[PDB]
Amino acid sequence: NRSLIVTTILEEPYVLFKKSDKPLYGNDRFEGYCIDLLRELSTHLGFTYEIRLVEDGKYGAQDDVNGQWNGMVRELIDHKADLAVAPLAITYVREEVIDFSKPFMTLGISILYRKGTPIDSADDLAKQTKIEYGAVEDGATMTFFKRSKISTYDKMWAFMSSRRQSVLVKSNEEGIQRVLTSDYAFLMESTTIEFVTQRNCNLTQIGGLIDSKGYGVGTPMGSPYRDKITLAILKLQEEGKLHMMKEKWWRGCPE
Amino acid sequence: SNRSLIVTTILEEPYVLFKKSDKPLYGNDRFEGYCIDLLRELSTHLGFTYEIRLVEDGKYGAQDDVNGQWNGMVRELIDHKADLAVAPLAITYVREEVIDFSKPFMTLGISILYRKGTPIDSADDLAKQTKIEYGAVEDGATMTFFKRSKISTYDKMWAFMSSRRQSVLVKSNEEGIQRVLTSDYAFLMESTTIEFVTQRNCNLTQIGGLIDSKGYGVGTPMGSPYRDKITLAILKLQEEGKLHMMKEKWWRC
Ligand SMILES: N[C@@H](CCC(=O)O)C(=O)O
Ligand SMILES: N[C@@H](CCC(=O)O)C(=O)O
Ligand SMILES: [Cl-]
Ligand SMILES: [Cl-]
Ligand code: NA
Ligand code: NA
Ligand code: NA
Ligand code: NA
């Protein structure tokens, strides 16, 4: 049967290129939590697949002037991919246009920053400008701020938008580098913060979770794979396989 | 006017309770709690009216291993005796095979409720002994997790619970709490509910961490068009901060 086209994006420890001296080809190039998830889905549901990195390098957001989506979300809308297997947040605006499986991981937006400071919350960032802050451009965190009616988050969006050329970044890796090299706090998903802080002992999460969301496998609207993948996820959960996969990929610091 | 939706639910504090009052209350006005607030928001957002009915058999729902039939709220949905189940109803593999669920409105996991002052630190410590009894709600998701599990510690625990089921499987979380308070018994309980109970009784504690991860969702019969509509409403409520506000209201040692 036809191999499913799977769109994804590079994001440690979910999706990475394998390190090797020999060139690698096709699906053999990739590893990570989401790649292990994809393999399990493929065995349980009985499909073959071809992994393709999203052409525009984006997760996906809607253009405020012309209304078009980009990123992996757009690839699904346009039926250029069968599945998006990635750390792809399930959100209201996305669920209006694509389908998602139920979540394989739960998380929330939080703050990555340096240690040893009096900053304890989003409110503390919002009320000042000396410490800059931002998010990945055209992802779910950005969109949460852009849409929020909550006073603190609306104030933060106004700042991000004003300073966007500097404070909105194209990847989590770029955001981490800004935290490490400038007076900057990065609004980042908590799952990824846990990974980063385990490996960067001078960085920490600031405050708690700002929201609650899950990552799900994306499908075009109406796809029969959506509910089948939900069932496989729920079975993998029940068996303890997702927890084992998280422990494998998240693997510390003195304290 | 459109037919009012029949909403099955179950009494479970602080999700669904009878309001305290001296005058008798009628109809929907009888009920309050997190899930009642959720239902009200869903009805306003999706434009339906409803009638709340407590599940007739008093159960969440499990499948009988001999005759293959479901019970509880799950069975009421299968049989189209209710349009929705709005309750702390766990989304599970075996249930999703036979009913549909919205995406989760709250996440949780199984954990352990026990009295303070103990060296017992985990499910492994419980499984290795028999002086302290342990159990779960009969015909709910926790019981089913143990009954199905192939993980050595949990399979051992199920063998004990099954052997002693007339004593250690209980009919409600409230009965489980009373057993913890009145005997040497540890209760396998969902974490959200433990959080509520331990804030109210400072002699009790959670033991260990979460054994699994799951969500509560609104149940619908398989194929229902309300499922995806309710998912969207829940995602919008999330994004506005209303679910966290509802949790703070009802969970407010
Ligand atoms: N996981 C996000 C990207 C990262 C972020 O927005 O923080 C998404 O699905 O858009
Ligand atoms: N919330 C559970 C009942 C309680 C439990 O099993 O711990 C259910 O949906 O079955
Ligand atoms: Cl798991
Ligand atoms: Cl769903
Ligand atoms: Na990337
Ligand atoms: Na959708
Ligand atoms: Na289902
Ligand atoms: Na004791």
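Letters A, B, ... are given to chains in the order of the sequence lines, protein chains preceding strands, and every chain is numbered from 1. As the structure lists them, so they are numbered: ligands from 1, and atoms in each ligand from 1. As a basis for the values below, the full set of heavy atoms in this structure was taken, side chains included, without hydrogen atoms, waters or symmetry mates.
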Filter the ligand 2-protein atom pairs down to N or O on both sides and distance under 3.5 Å, then list them.
unit_1, atom_1, unit_2, atom_2, d
ligand 2, 1 (N), B:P88, O, 2.8
ligand 2, 1 (N), B:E190, OE1, 2.8
ligand 2, 1 (N), B:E190, OE2, 3.2
ligand 2, 6 (O), B:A141, N, 3.2
ligand 2, 6 (O), B:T142, N, 3.0
ligand 2, 6 (O), B:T142, OG1, 3.3
ligand 2, 7 (O), B:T142, OG1, 2.7
ligand 2, 9 (O), B:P88, O, 3.4
ligand 2, 9 (O), B:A90, N, 2.9
ligand 2, 9 (O), B:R95, NH1, 2.9
ligand 2, 10 (O), B:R95, NH1, 3.4
ligand 2, 10 (O), B:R95, NH2, 2.8
ligand 2, 10 (O), B:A141, N, 2.8

What salt bridge (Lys or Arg N to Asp or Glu O under 4.0 Å) pairs are there with at least one residue in residues 41-53 of chain A, not counting sequence neighbours? A:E50-A:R52
Ring-ring centroid check B:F31 B:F18, cutoff 6.0 Å: yes
Pairs where residues 200-216 of chain B contributes a residue and the test salt bridge (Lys or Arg N to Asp or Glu O under 4.0 Å) is met, not counting sequence neighbours: B:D212-B:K214
Heavy atoms, side chains only, cut-off 4.5 Å: are B:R75 and B:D57 in contact? no
Do A:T8 and A:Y14 have side-chain atoms, one donor and one acceptor, less than 3.5 Å apart? no
Here the side-chain hydrogen bond (donor to acceptor under 3.5 Å, both in side chains) pairs for residues 160-170 of chain B, sequence neighbours left out, are B:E133-B:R164, B:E138-B:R165, B:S167-B:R179
